[PDB]
Amino acid sequence: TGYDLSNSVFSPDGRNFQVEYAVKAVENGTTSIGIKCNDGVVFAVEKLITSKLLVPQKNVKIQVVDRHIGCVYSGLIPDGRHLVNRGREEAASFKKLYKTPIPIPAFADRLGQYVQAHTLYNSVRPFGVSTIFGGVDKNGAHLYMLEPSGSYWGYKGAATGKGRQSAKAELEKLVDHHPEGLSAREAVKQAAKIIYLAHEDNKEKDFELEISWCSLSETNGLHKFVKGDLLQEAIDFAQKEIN
Amino acid sequence: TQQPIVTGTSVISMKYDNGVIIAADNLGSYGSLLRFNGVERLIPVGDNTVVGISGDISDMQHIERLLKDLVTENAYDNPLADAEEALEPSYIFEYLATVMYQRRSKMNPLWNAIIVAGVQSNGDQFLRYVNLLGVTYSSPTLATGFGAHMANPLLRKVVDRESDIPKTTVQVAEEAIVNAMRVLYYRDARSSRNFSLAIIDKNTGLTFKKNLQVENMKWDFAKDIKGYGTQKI
């Protein structure tokens with residue numbers, strides 16, 4: 001024993017226990033999801049209202065990379081911000097050299113290789129976040145989810161944090177019941193419902209819903225936050241489905 | 001240290017009662033060769049600012065990318081990026097002025113003269129110049145290159161001091177700019193007939209006009225000019 005005390009050490013299993021411990025920080029965080037739709041992607045997150053003293057709509061969690069990529073994460077919030085800052089530098093150097101905005105699969109590997117590098121040495125700690133991200137590029141819509149190990153795949157729907165099992169079940173129903181696909185406006189409504197349903201795992205404190213989206217038709221392939229009437233319409237739809 | 005290769009000539013501008021106007025022709029010269037005839041030298045930043053650039057075109061394209069990247073960066077973690085925390089003309093200018101002076105101080109300048117025209121949050125007109133040396137100044141009219149020598153005299157007849165700005169309408173100001181562009185086409189050997197013009201108004205916003213031409217030209221008196229003194233036919 002002692003194999004779990006230092007990052008980058010293989011245990012006799014062939015496991016890196018420090019990475020598995022980082023996953024526990026992710027499992028402890030609030031719920032966040034992603035839904036791939038017909039011509040884009042939708043992101044949503046659970047924000048716990050710790051106190052009445054929190055200013056509504058101000059502590060924004062979802063982050064934009066370049067102008068076409070959205071990023072959301074569960075776990076240690078500062079570690080997520082560090083990863084997005086790097087993502088922004090990677091997207092900038094890609095656009096500087098190659099002119100075109102970074103494709104989503106290209107961007108996914110840039111984050112993936114950087115997270116993976118923080119499992120190679122004992123002088124650094126792994127990332128304590130799982131990050132759901134994506135957007136629209138020349139080849140269409142793409143949704144990804146990236147783990148503390150550096151592992152990532154493409155997704156039809158993605159979920160992480162404390163309510164992930166609840167969310168994953170709901171996402172699996174949408175995939176079965178909509179093989180031809182889901183619209184962007186539908187995906188916003190469904191994203192609200194899934195966060196509300198996933199809130200049963202964090203049910204002590206009340207919460208605030210936050211949604212964003214990239215869609216070729218609805219946002220010209222740019223990342224935007226869902227605000228005002230369209231946000232309230234999604235909240236009302238979510239409130240109706242739980243009752 | 002370098003030398004400019006592909007170049008753009010005059011950028012001209014002025015304040016009027018409710019905003020600012022700026023203009024520049026669509027040419028990229030290669031010395032005396034009038035090489036590129038479709039070059040846009042007015043570059044808008046948001047809906048409140050237009051940066052007009054003369055001098056080296058390779059350095060202009062670099063600056064264009066810096067400004068494009070500045071908008072991207074301002075949007076990051078900024079819920080008020082299209083409202084109270086949007087980029088202002090004054091912010092865009094100071095950034096460019098910092099870069100210009102830093103580059104001259106490393107003996108590797110961006111070989112340009114730049115005019116930032118826009119309208120601020122409070123409705124105030126913004127118009128300020130910066131060049132390859134980092135020299136900056138503001139005035140009710142501003143112009144680069146040949147425009148300094150020929151356009152400013154004409155534009156100063158409309159707005160000679162600060163107190164003339166409220167008295168000047170957008171029609172009068174645009175007329176003065178269009179005439180100045182004609183005078184430059186008569187007299188600047190590295191100019192073109194085709195140009196772009198931009199109006200930034202506090203009420204009506206950003207109006208960007210492409211593919212304008214110098215018109216109502218006087219050449220008829222040329223038929224009566226013969227020889228260089230004694231020749232009668």
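Lettering of chains follows the sequences in order, A, B, ..., and the numbering in each one begins at 1.
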For [X] and [Y], work out which heavy atoms get closest and say how close.
{"X": "A/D39", "Y": "A/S215", "result": "OD1-OG, 2.8 Å"}
{"X": "A/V26", "Y": "A/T160", "result": "CG1-OG1, 3.4 Å"}
{"X": "B/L197", "Y": "B/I199", "result": "CD2-CG1, 3.7 Å"}
{"X": "A/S149", "Y": "A/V115", "result": "C-CG1, 4.2 Å"}
{"X": "B/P109", "Y": "B/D59", "result": "O-OD2, 4.0 Å"}
{"X": "A/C37", "Y": "A/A141", "result": "O-CB, 4.5 Å"}

Does some side-chain heavy atom of [Y] sit less than 4.5 Å from a side-chain heavy atom of [X]?
{"X": "B/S13", "Y": "B/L127", "result": "yes"}
{"X": "A/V136", "Y": "A/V41", "result": "no"}
{"X": "B/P79", "Y": "A/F225", "result": "no"}
{"X": "A/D229", "Y": "A/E233", "result": "no"}
{"X": "A/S74", "Y": "A/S32", "result": "yes"}
{"X": "B/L142", "Y": "B/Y137", "result": "yes"}
{"X": "A/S8", "Y": "A/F10", "result": "no"}
{"X": "A/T131", "Y": "A/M145", "result": "no"}

What's the separation between atom [atom1] in [X] and atom [atom2] in [Y], rounded to the nearest 0.5 Å?
{"X": "A/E170", "Y": "A/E241", "atom1": "CD", "atom2": "CD", "answer": "10.0 Å"}
{"X": "A/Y114", "Y": "A/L83", "atom1": "OH", "atom2": "CG", "answer": "8.0 Å"}
{"X": "A/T219", "Y": "A/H223", "atom1": "OG1", "atom2": "NE2", "answer": "9.0 Å"}
{"X": "B/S192", "Y": "B/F36", "atom1": "OG", "atom2": "CZ", "answer": "14.0 Å"}
{"X": "B/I57", "Y": "B/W111", "atom1": "CD1", "atom2": "CH2", "answer": "15.0 Å"}

Exercise. Can you tell me which residue pairs pass the salt bridge (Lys or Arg N to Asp or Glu O under 4.0 Å) test with a partner in residues 108-120 of chain A, sequence neighbours excluded?
Key: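 The answer is A/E90-A/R110.
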Does anything in residues 121-136 of chain A pair up under salt bridge (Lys or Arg N to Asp or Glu O under 4.0 Å), and if so which pairs, sequence neighbours excluded?
->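 Listed once each, the pairs are A/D79-A/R125.
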Quick check: does any side chain N or O of [X] sit under 3.5 Å from a backbone N or O of [Y], one acting as donor and the other as acceptor?
{"X": "A/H178", "Y": "A/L174", "answer": "no"}
{"X": "A/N7", "Y": "A/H118", "answer": "yes"}
{"X": "B/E88", "Y": "B/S121", "answer": "yes"}
{"X": "A/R164", "Y": "A/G161", "answer": "yes"}
{"X": "B/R41", "Y": "B/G28", "answer": "no"}
{"X": "A/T31", "Y": "A/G163", "answer": "yes"}
{"X": "B/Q120", "Y": "B/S90", "answer": "yes"}
{"X": "B/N112", "Y": "B/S54", "answer": "yes"}

May I ask you to check whether A/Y144 and A/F107 place their ring centres under 6.0 Å from each other?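 Aromatic pair excluded; centres sit 6.0 Å or further apart.
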Step through it carefully: locate the ring centre of A/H82, locate the ring centre of A/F127, and say whether they are under 6.0 Å apart.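 They qualify: ring centres under 6.0 Å apart.
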### Task
Applying side chain to side chain contact (heavy atoms under 4.5 Å, CB included), name anything that partners A/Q232, two or more places apart in sequence or on another chain.
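For A/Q232, the residues satisfying side chain to side chain contact (heavy atoms under 4.5 Å, CB included) (neighbours in sequence not counted) are A/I235, A/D236.
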### B/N131: partners by side chain to side chain contact (heavy atoms under 4.5 Å, CB included), with sequence neighbours left out
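Checked B/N131 against side chain to side chain contact (heavy atoms under 4.5 Å, CB included); matches are B/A113, B/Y129, B/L133, B/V135.
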Discussion item. I need the full list of side chain to side chain donor-acceptor pair (under 3.5 Å) pairs touching residues 196-205 of chain A, with sequence neighbours left out, sorted by first then second residue.
Written reply: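 Checked against side chain to side chain donor-acceptor pair (under 3.5 Å) - neighbours excluded - the pairs reaching residues 196-205 of chain A are A/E46-A/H199.
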For [X], salt bridge (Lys or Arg N to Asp or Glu O under 4.0 Å) partners two or more places apart:
{"X": "A/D13", "value": "A/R15"}
{"X": "B/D56", "value": "none"}
{"X": "A/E147", "value": "none"}

Handout entry: Full working for side chain to side chain contact (heavy atoms under 4.5 Å, CB included) between B/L42 and B/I22
Key = CA-CA 8 Å; B/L42 302 176; B/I22 185 160; 3.9 Å; yes
Can you give each donor-acceptor pair under 3.5 Å made by side-chain atoms of residues 52-73 of chain A, sequence neighbours left out, with the distance rounded to 0.1 Å?
from, atom 1, to, atom 2, distance (Å)
A/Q57, NE2, A/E208, OE2, 3.2
A/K61, NZ, A/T30, OG1, 3.2
A/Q63, OE1, A/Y73, OH, 2.6
A/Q63, NE2, B/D77, OD1, 2.9
A/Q63, NE2, B/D77, OD2, 3.4
A/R67, NH1, B/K68, O, 3.2
A/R67, NH1, B/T72, OG1, 2.9
A/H68, NE2, A/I102, O, 2.7

query = Checking side chain to side chain contact (heavy atoms under 4.5 Å, CB included) for the pair A/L143/A/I35: CA distance, chi angles, key distance, verdict?
reply = CA-CA 7 Å; A/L143 178 71; A/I35 307 174; 5.8 Å; no
Not counting sequence neighbours, which residues clear ring pair (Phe, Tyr, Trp, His ring centres under 6.0 Å) with B/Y101? List them please.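 So B/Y101 forms no ring pair (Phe, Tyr, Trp, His ring centres under 6.0 Å) with any residue.
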Partner residues of A/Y98 under the ring pair (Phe, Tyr, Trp, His ring centres under 6.0 Å) criterion, sequence neighbours left out
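Partners of A/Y98 by the ring pair (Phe, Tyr, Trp, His ring centres under 6.0 Å) criterion, ordered by chain and then number, come out as A/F94.
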Which is it for B/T7 and B/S29 under the side chain to side chain contact (heavy atoms under 4.5 Å, CB included) test, yes or no, and what are the steps along the way?
CA-CA 5 Å; B/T7 57; B/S29 300; 4.0 Å; yes
### Query
Given B/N26 and B/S196, is the side chain to side chain donor-acceptor pair (under 3.5 Å) satisfied, shown in steps?
CA-CA 7 Å; B/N26 303 327; B/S196 301; 3.0 Å; yes
Inset, instruction - Assess whether side chain to side chain donor-acceptor pair (under 3.5 Å) is satisfied between A/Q18 and A/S6, documenting all intermediate values. - result: CA-CA 7 Å; A/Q18 275 292 132; A/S6 188; over 6 Å; no
Ignoring hydrogens and angles, write down the donor-acceptor pairs under 3.5 Å from the side chains of residues 184-195 of chain A, residues two or more places apart or on other chains.
from, atom 1, to, atom 2, distance (Å)
A/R185, NE, A/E218, OE1, 3.2

Will you find, in the side chains of A/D137 and A/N139, an N or O donor that is under 3.5 Å from an N or O acceptor?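 Result is no, nothing qualifies.
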- Message: Is it the case that the side chains of B/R128 and B/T136 hold a donor-acceptor pair, with the cut-off being a distance below 3.5 Å and no angle test?
- Response: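 There is such a pair between these side chains.
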Q: Mind running side chain to side chain contact (heavy atoms under 4.5 Å, CB included) on B/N194 and B/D25 for me, showing each step along the way?
A: CA-CA 6 Å; B/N194 300 107; B/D25 67 29; over 6 Å; no
